[PDB]
Amino acid sequence: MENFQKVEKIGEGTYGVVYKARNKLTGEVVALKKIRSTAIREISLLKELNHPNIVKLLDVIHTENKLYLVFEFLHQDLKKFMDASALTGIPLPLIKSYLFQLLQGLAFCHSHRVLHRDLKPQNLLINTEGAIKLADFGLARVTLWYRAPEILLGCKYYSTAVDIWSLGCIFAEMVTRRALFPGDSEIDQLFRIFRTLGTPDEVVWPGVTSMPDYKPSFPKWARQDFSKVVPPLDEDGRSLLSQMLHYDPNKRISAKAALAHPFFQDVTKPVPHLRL
Ligand SMILES: NS(=O)(=O)c1ccc(Nc2cncc(Cl)n2)cc1
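Read in order, the letters of the sequence shown are residues 1 to 36, 46 to 150, 164 to 298 in the deposited numbering.
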């Protein structure tokens with residue numbers, strides 16, 4: 001729009017390009033998302058879901074039959090910071106803090122029946138104060167890596183539990199500095215999950231064999247021990263990770279119960295060292 005001035009492209013998201021821009025009135029620096046009546050109304054509902062761990066939706070501009078979303082701007086995403094930190098890894102107290110703030114954002118959005126659906130490191134925004142915020146939230150109203171097994175098996179009516187799964191994938195990833203389930207198609211994603219966690223069955227996930235894309239021809243893999251999966255994570259963290267990675271979405275821990283997990287007993291808020 002004319003009221004703005006792109007400083008630069010800073011992403012191509014699922015929903016079109018993303019720009020750093022300045023408001024020519026306010027002088028504020030914002031993130032500008034160009035999209036590409047229900048989308049209009051649901052959008053403007055999103056403008057009210059405000060919280061410290063949720064990137065603020067500043068303004069929704071429907072003009073010339075286009076739809077720009079103006080967000081509070083942050084300088085770094087977690088993918089970038091994770092690469093920057095690949096040599097020693099993010100320190101555990103900072104992994105823990107990030108995990109805890111994200112679970113707060115999730116808890117908050119979930120309490121309004123709003124879900125993200127597409128969590129992944131690049132949607133996770135960090136600042137110099139040691140905060141981390143969830144961006145893009147509620148707008149599904164290429165990466166398969168963080169996708170919950172119920173989405174993969176063709177569940178159309180999935181829950182908040184899907185975000186808990188993605189965040190569990192991102193938690194593991196921060197700890198080990200490798201992607202947990204780097205699938206490069208839908209079946210390969212599914213089968214990577216099966217190989218680590220065991221092919222699910224009616225015992226561990228009642229109803230699984232009834233899902234749309236479940237095939238009885240699925241190979242049957244035995245589950246691996248978590249000590250092998252996310253070392254050198256302590257038994258608190260692994261415990262918590264296993265409850266986030268439950269197959270049954272009704273067994274999977276809520277963001278709210280996860281906040282009360284013993285892992286979080288010694289949580290602090292360290293500050294990262296960022297090169298902006
Ligand atoms: N430079 S970076 O890769 O860490 C990066 C890339 C894109 C964005 N995008 C952004 C910034 N503020 C708000 C929103 Cl919604 N998106 C940030 C950092």
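All C-beta atoms, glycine included, are put in the ideal place defined by N, C-alpha and C.
For the pair the region 173-189 and the region 83-100, tell me if three or more CB-CB distances fall below 8 Å. no
Put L54 into one of helix, strand or coil per three-state DSSP. helix
Give the DSSP bridge partners of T47, in chain order. DSSP output for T47 lists no bridge partner at all.
Measuring only from the beta carbon, is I275 closer than 7 Å to any heavy atom that is part of ligand 1? no
Put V289 into one of helix, strand or coil per three-state DSSP. coil
State the CB to CB distance for the pair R199 and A95, rounded to an integer number of angstroms; the pair is presumed to be in contact (CB under 8 Å). 6 Å
Ligand 1 and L83: does any heavy atom of the ligand fall closer than 7 Å to the residue's C-beta? yes
So residue 330 and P284 are in contact, right, with Cβ under 8 Å, and what is the actual spacing, rounded? Since the first residue of the chain shown is 1 and the last is 298, residue 330 is not available in this structure.
So, is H71 buried or exposed, given that buried needs 16 or more other C-beta atoms within 10 angstroms? exposed
Are there any heavy atoms of ligand 1 lying less than 7 Å away from the beta-carbon of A93, as far as the coordinates show? Ligand 1 never approaches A93 closely enough for any of its heavy atoms to be under 7 Å from the residue's Cβ.
By alpha-carbon positions, which one of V289, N136 and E73 ends up nearest to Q85? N136
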